[PDB]
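What follows is each chain in one-letter form.
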Amino acid sequence: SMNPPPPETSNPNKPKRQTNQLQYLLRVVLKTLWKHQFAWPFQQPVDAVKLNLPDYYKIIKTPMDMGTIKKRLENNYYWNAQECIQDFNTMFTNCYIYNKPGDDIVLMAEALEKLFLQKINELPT
Ligand SMILES: C=CCOC(=O)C1=C(C)Nc2c(c(=O)[nH]c(=O)n2CC)[C@@H]1c1ccc(C)cc1
């Protein structure tokens, strides 16, 4: 039930950029979602072995988590805010794909996604 290597957080040949919005995604959006009581399942890549979820990476082919996103933001890995917002949406979507409506893990992702959309509704200029 092995785990794949985690998503890259650096890529020297990918062009970096630092923008007002990406600074905000780290300092405001990520760091406060991180403190939510429901953040803990999403703070690191899914451990299919530890969690006896041996099928997780048979179903999820584009894994993403907030730990990866935080490191990407800290590394200026992203070209723009939309790229990072895409990663957040991948990790929410993955949760909805793998699990079922009403599952408690889905209720946690739904709560975080709602807060996420609340905070990105208005970004700096
Ligand atoms: C089965 C034993 C418990 O294992 C866990 O704690 C889990 C972790 C770390 N992550 C995931 C789990 C899951 O069921 N579906 C997923 O997509 N993820 C990845 C985000 C399970 C889980 C988490 C939280 C609740 C409330 C229930 C189940």
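Residues numbered from 1 in each chain as written, not as in the entry; some residues may be left out. Heavy atoms only, no water. Residues with missing side-chain atoms left out of burial classes, pairs and counts.

Regarding how it was determined, this PDB entry cites X-ray crystallography in its header, along with a resolution of 1.5500 Å.

Undergrad: Looking at this structure, I do not really get the packing of aromatic side chains. What am I missing?
TA: The geometry of an aromatic ring pair comes down to the distance between the two centres and the angle between the two planes. Taken as a whole and assessed by the stated rule, the structure comprises five aromatic pairs. Taking 4.5 Å as the distance between ring centres and 25° as the angle between the ring planes, the aromatic pair formed by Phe88 and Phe116 counts as stacked. A residue pair is termed long-range when its members are at least 10 positions apart, and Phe88 in helix 4 (residues 81-98) and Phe116 in helix 5 (residues 104-120) qualify at 28 residues. We classify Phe88 as buried; its relative accessible area is 0%. Relative to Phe116, the ring of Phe92 lies with its centre 5.8 Å away and its plane at 55°, an arrangement referred to as tilted. Of the two residues, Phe92 sits in helix 4 while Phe116 sits in helix 5, which places them 24 residues apart along the sequence. For the pair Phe92 and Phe116, a shared accessibility class is recorded, and that class is buried. Pairwise contacts between aromatic rings join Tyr56, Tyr57 and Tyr98 into one cluster. Of note, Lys14 hangs over the ring of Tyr77, and the distance from its end group to the ring centre comes to 4.4 Å. In this arrangement the basic side chain of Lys70 is found over the ring face of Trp34, its NZ or CZ atom lying 5.0 Å from the centre. (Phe/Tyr/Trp six-rings, centres within 6.5 Å; stacked < 30°, edge-to-face > 60°. Helix = DSSP H or I, 4+ residues; strand = E, 2+ residues; numbered from the N terminus. Buried < 20%, exposed > 50% of the residue type's maximum accessible area, 1.4 Å probe, protein only. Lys NZ or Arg CZ within 6 Å of the ring centre and 35° of its normal.)

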